[PDB]
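Read through the structure below, which is laid out as structure tokens, and then see the notes.
We count residues from 1, following the sequence as given. Scope of the values below: all heavy atoms of this structure, side chains included, with no hydrogens, waters or symmetry mates. Counting starts at 1 for both ligands and their atoms, in listed order.
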Amino acid sequence: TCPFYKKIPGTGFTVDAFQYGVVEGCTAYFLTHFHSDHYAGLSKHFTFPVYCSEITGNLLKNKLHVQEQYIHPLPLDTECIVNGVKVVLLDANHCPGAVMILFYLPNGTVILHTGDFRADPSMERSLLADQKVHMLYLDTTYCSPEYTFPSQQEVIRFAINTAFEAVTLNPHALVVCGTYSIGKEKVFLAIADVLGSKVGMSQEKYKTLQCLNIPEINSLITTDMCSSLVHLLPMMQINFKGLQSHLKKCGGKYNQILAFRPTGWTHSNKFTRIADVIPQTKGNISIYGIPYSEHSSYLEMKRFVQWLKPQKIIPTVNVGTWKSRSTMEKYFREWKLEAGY
Ligand code: NI
């Protein structure tokens, strides 16, 4: 049974609600982005209309084989009418194709659903600037003040400088980057670019990347592993055994691996600056955990919400425990009292 925080009142609409069977009274199913916890239940046998971005629609068609007749892609930043209701899709600054959705209810209520997002001050000059929002369905992933991490720009600067230094010292070092979903593509693209290489990967991952409208992509990726000195592997393989085994397969082309695990937040963020991050090393293998987040930090979240001044907030993440729920509701009230709405 579909939970309440996935239904939009006064509409026939649900958001990221594909794992509950046919939802009573749902006439349109919105998908905010192509991450498995959100698309869970879509497949080629789905026969209701799906509304989403062009990119998300590319992945539904090619990866999950959803039939074209049920995929309704919408352009960003454009007022659109769905089943008698005005909607706008906005960039969520999450993974490729990820959107927030503004719903203009027939009774005059305005609702913003963030999907997954990383709040940014640039959002204060989108189409959100122009009108009041009554209800906010908020990505509360890191809604607590211990959740700090650097900008994405700082993290990429660290990774490029690290990779470039290592490979310039040793031209026989291989760089490996972990992945388990879309998002965070800048990590491996930035490093390949500084090294003058293409990124090598499996056919299945290359296929996924060909759906994402990245400019000049045919210039940056390849399935020819032998022509590439940046390789992508599944995240699960980014450990000493997995990497040793990979290094065996490269046929004595390489004698060292430098590997990156982009995580979200880890507790080593409570102590160590990005500048000061160090790898775990065993022999000729080193592994760096880097905190590349595609969700709001606590401070970025707070600033967006205090700018927006919603009358009601409904969290969409960390909803399963009373302690989590109580924690979030305390922060929302602090924010409201400090800013005066
Ligand atoms: Ni996500």
Should the pair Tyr142 and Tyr147 be assigned to parallel (<30°), tilted (30 to 60°) or perpendicular (>60°) ring geometry?
tilted

Checking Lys86 now: which residues fulfil salt bridge (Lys or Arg N to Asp or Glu O under 4.0 Å) with it, not counting sequence neighbours?
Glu79

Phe34 ring center near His38 ring center (under 6.0 Å):
no

Hey, do the aromatic rings of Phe18 and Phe46 have their centres closer than 6.0 Å?
yes

Around the Ni ion (ligand 1), how many protein N, O or S atoms are there at under 2.8 Å?
4

Going by atom type alone, with no hydrogens or angles, which donor-acceptor pairs under 3.5 Å involve a side-chain atom of residues 99-111 and a protein atom two or more places apart or on another chain?
unit_1: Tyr104; atom_1: OH; unit_2: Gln131; atom_2: OE1; d: 2.7
unit_1: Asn107; atom_1: OD1; unit_2: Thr109; atom_2: N; d: 3.0
unit_1: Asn107; atom_1: OD1; unit_2: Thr109; atom_2: OG1; d: 3.1

With sequence neighbours left out, the residues meeting side-chain contact (heavy atoms from CB on, under 4.5 Å) with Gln256 are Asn170, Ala173

